[PDB]
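Q: coordinates for the following, if possible.
(chains A, B, C, D, E and F)
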Amino acid sequence: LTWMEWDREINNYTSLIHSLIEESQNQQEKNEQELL
Amino acid sequence: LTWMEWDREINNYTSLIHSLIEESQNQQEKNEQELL
Amino acid sequence: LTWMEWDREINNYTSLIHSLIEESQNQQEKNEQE
Amino acid sequence: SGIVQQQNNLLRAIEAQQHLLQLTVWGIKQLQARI
Amino acid sequence: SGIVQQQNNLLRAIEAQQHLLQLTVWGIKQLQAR
Amino acid sequence: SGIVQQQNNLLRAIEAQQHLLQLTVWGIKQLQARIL
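A: Residues are numbered from 1 along each chain as shown, chains lettered A, B, ... in the order given. Now the structure:
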C-alpha cells in the first residue's frame, strides 16, 4: 500500500459511505410513511 | 480548518455520538422487552 | 495509554468488529429468507 | 414502530461517526503533508 | 421488505466505515513508522 | 426477533467502532505533538 493508493481508497469508500447513507435516508423516510 | 478547531470538533462529535448511542441503547432495551 | 497497548487494543477491537459484522451477515441472510 | 425508530437511531449514529471519520482523515493528511 | 432492506443498508454503511477505519489505522502506523 | 436481534449486532459494532475511532484520535494527537 502506498500513500497514493490509500488516497484513492479513502476517496472511494468515503463516496460509498455518502452513497449508502443518502440511500438509508430515502429508505428511512419511506419506511416511516409506510407506518403513518 | 485549523488544529485548534479540529480539537473542538472532535469533542463536539465525540459528545454528539455519545448521546446518540445512549438513545439507541435505550430503544434497543425497549424493543427487546417488547419482543420477548 | 502507550503505543504498545494502542497496537493491541486496535487488534482486539478490530477482531470484535469483524466477528460482529460476520454475525450481522449470518443474521442478514436469515432475515432475507423469512 | 420501535424497529423503525432504532433504524433512524442507528442511521444518525452512523452519520455522526462518519463526520468523526473525515476529521481523522483530515488530521492524517495534514501530518503526512508536513513530513 | 422496507425494514429488511434498511437493515442491509445500515450493515453496508458499517462495513464501509470499517474499511475507512482500517485505512486510517494504516495511515497512523505509516506516520508512526516514520 | 430476527430484526431486533440484528439491530443489537449493528448497535454493538457501532460502539466497538466508536472506541476504535477514539483510538485513532489518540494516535493522531501523539503524532501531532511529535510532528509539528
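
Q: could you say what helices and strands the helix or strand in which residue D:3 is found packs with?
A: In this structure, residue D:3 is located in helix D:2-34 according to DSSP states H and E. Under the contact definition 3 or more C-beta pairs under 8 Å, 6 or more residues apart in numbering or on different chains; DSSP states H and E, helix D:2-34 sits against helix A:3-33, helix B:3-35, helix E:2-33, helix F:2-34. C-beta: built from backbone N, CA, C; applies to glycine.

Q: if you compare the directions of the shortest one and helix E:2-33, what angle comes out?
A: Right, the one you point to is helix A:3-33. 160 degrees (axes from the mean of the first three to the mean of the last three C-alpha atoms, to 10 degrees).

Q: the second one too?
A: Taking the same axes, to 10 degrees, one finds helix B:3-35 and helix E:2-33 inclined to each other by 140 degrees.

Q: tell me the contacts of the residue of chain D found nearest chain E?
A: Taking C-beta to the nearest C-beta, chain E has its nearest neighbour within chain D at residue D:28, 4.4 Å off. The contact partners of residue D:28, by C-beta atoms under 8 Å, 6 or more residues apart in numbering or on different chains, come to E:24, E:27, E:28, E:31, F:28.

Q: my guess is residue D:14 meets residue A:18, correct?
A: No: using C-beta atoms under 8 Å, residue D:14 makes no contact with residue A:18, being 11.4 Å away.

Q: out of those two, which sits in the busier spot?
A: Each of residue D:14 and residue A:18 has its neighbours counted (other C-beta atoms under 10 Å in any protein chain shown); residue D:14 has more, 24 against 12.
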